Structure formats: structure tokens, C-alpha cells
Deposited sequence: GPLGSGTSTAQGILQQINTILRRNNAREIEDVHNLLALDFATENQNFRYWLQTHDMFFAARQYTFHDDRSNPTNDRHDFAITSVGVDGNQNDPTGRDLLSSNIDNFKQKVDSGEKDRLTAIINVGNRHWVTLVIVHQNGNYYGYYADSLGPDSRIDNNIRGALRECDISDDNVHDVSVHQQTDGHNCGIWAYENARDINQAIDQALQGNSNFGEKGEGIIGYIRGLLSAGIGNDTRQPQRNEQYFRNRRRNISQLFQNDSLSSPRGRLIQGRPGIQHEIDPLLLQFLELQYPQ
């Protein structure tokens, strides 16, 4: 069986059940289904990233001073992220927000993190890509259309992964740590300096924790990311994934589609 063979079989079942056919089998995959079958190389999609946000306490709660957005780049390639940064800058002017955390899909299944803080009239930004130091043009173009100065946006990336499949979780690990570094800098642990650059070394200390030669716990090895995947998957228990919407719309169809999805997972992500 091939991926297209599986897709044709799924689409026959969807047709019999008066549901919309799909164009890619990934449309019906989600982190919980993959993790329940021990496919830990599954790349997290946009719908999975909403559940991961709740695991890292981002969806809300960290009404409060922090803004949060899951967006993408690549209408113009920049409109969604630009719109989020604009809405944030308005809320800063309204006195409602101090900080924005954005988790950004840069197109080819790659997730990166951008955190912007406002402190007494200035906007400082910190960008992290788990692949290591390189910033993406659409990100830079979104920042330029929102008048965030390039001098005040800093690439704090550290080499953390090469496999690619865990960049979705690394994006949240890095957002947590950038936000902790900013929090501690506000309390005097470090100084921002004129352009916000002063905290970059402290950020990189947290981003490098538990990888390579660093012995700090948790060691963020493959087993660590398997357990994070298991923990994120527990939050799925429905309507927020395309799979969950199909199941709720056609209860019991999972008995016909899940065997084929498992075959696809074995092929795409062995």
C-alpha cells in the first residue's frame, strides 16, 4: 500500500458517509493518535500546537498582561503575524498588555518562537529557532510593517535539534524559557541595555539546559520528548482537531478510518 492508495481508501469511506473528502492524509492525523501508537516522529501540525500551548500554560493565564498567538508566515505571506503584532501594539497602547508570545509556522512544517516585550516605551524582541543560529524574511517583513526596529529584535537561537520532528515542542520549551528570562530580568537578574541585547546570554543559558554537554535536569533527549508527547496527548480528551470533528460528526467512523491512518503513519513516520 502507498500513501495515495490509503488516501483513496479513506476518501471512499468519507464519501459513503457523506463527509467532505480530504486532499492529504495528514488532515486526519493528530498528536494523540500518533502518540497512542508510538509514532514519536510525527511532526506537530497547527491543531496539535493549540493543545501543546495548554500543556505549557500559554492558551491563557501566562485579563492578564501576556498576549499569545499561534500563527504562520509564507494573503501576502505576512498578514497573519503582522495582524497579531498590530493587535498587540494596540493593547499595549490601551494599557492592557506588556508582552506577546508568538509561535510561528515558517512553512515547511517548521515552528519557531518570537517574544516581544514592552518596557517603559521600548519594544524588545527575541527570536529562537531550535535548529540553531541562522531570521526568516516573512518574519522580518512582518516586524517591519509593525514598526518594530530590527536593532531591537535579537536572534537568541541555540543549536538544539537536527531531527526536525520535535520543533513544535522545542518552540514551546523556548517560549517558556525566553519568558522566564524576561521575568527574571525585570526583577534585576540581568539588564536589558539600550537595545534589549543585555539579556541574551541569560536566555541562551536556559535554552542550552539539558542538551549536549549540559547536565542540568531534565535531560531533553528523545525520551524527554516522548514523555512530553504523551502528556500533550492527554489533553486531547475533540472538536479542536479535524479528526475530532469528523469523529463527532460521524460517530463510529474511526473504526473504518483508523486502520488506514495507522498504515499511513507507519509509511510516512516509521
| Deposited-sequence stretches lacking C-alpha coordinates, listed in sequence order | 1 to 7, 70 to 73, 86 to 92, 153 to 154, 258 to 259, 293
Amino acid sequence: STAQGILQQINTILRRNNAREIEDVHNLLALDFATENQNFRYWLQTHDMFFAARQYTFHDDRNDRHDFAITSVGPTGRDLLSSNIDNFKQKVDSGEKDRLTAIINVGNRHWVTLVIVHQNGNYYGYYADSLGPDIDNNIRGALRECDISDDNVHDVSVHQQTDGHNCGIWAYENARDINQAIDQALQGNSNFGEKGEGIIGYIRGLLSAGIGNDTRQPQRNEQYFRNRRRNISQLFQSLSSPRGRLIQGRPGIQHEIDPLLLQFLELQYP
From here on, numbers count along this sequence of modelled residues.
| Of 105 to 113 and 123 to 131, the one with larger mean CA B-factor | 105 to 113
| remark: Mean B factor on CA atoms, stretches 217 to 225 and 238 to 246, record says higher is 238 to 246
| task | Tell me which of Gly188, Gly168, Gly95, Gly198 tops the list for C-alpha B factor in the record. | result | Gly95
| If you check the C-alpha B-factor for each of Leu100, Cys146, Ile178, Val158 in the entry, which is highest? | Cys146
| task | Can you work out whether the C-alpha temperature factor of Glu36 puts it in the lowest, middle or highest third of the chain? | result | middle
| field | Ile139 - Cα temperature factor, lowest/middle/highest third of chain | value | highest
| request: Using the B-factors in the PDB entry, rank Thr46's C-alpha atom against the chain and give the third, lowest, middle or highest. | output: middle
| said: Using only modelled residues of the chain, where does the Cα B factor of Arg65 rank: lowest third, middle third or highest third? | reply: middle
| Within this chain, which third does the Cα B-factor at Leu81 fall in: lowest, middle or highest? | middle
